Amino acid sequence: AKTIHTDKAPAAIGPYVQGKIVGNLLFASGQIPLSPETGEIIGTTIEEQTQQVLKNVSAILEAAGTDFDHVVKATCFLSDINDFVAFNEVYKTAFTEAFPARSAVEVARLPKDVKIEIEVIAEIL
């Protein structure tokens, strides 16, 4: 029942919270390449948008007392599956040792027409 909020992640504008903790698990909301500072989309390419998504996720992971290496499951929504290789190159840089389980599919459309949205489930250390 613990709710996660941090200003270095985009503010939850809508009927949701950035993340919620139950027991040893963190359930984070899907993060899109939004700037927590400005409030608009960061990047016109899949590489630039993926990097901002990772910053948003890392901010939420930090605020909950965990890190990328302790993420358990990641779902990666792509607006175009042909971006996978370019996305995967930036996605791997968030992790040092351990890698989580992953699912990557192409959806019809993402909020604000972004190219990438990642939702994570992480273990609380």
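The numbering used is simple: start at 1 and walk along the sequence shown.
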Item to complete: State which stretch shows the higher mean Cα B factor in the entry: 35-43 or 74-82.
Response: 35-43
Worksheet, complete the sentence: residue 14: C-alpha B-factor third of its chain, per the entry, is the highest
Worksheet item: For residue 119, does the deposited CA B-factor place it in the lowest, middle or highest third of the chain?
Response: lowest
Practice prompt. Relative to the other modelled residues of the same chain, rank the CA B-factor of residue 99 and answer lowest, middle or highest third.
Written response: highest
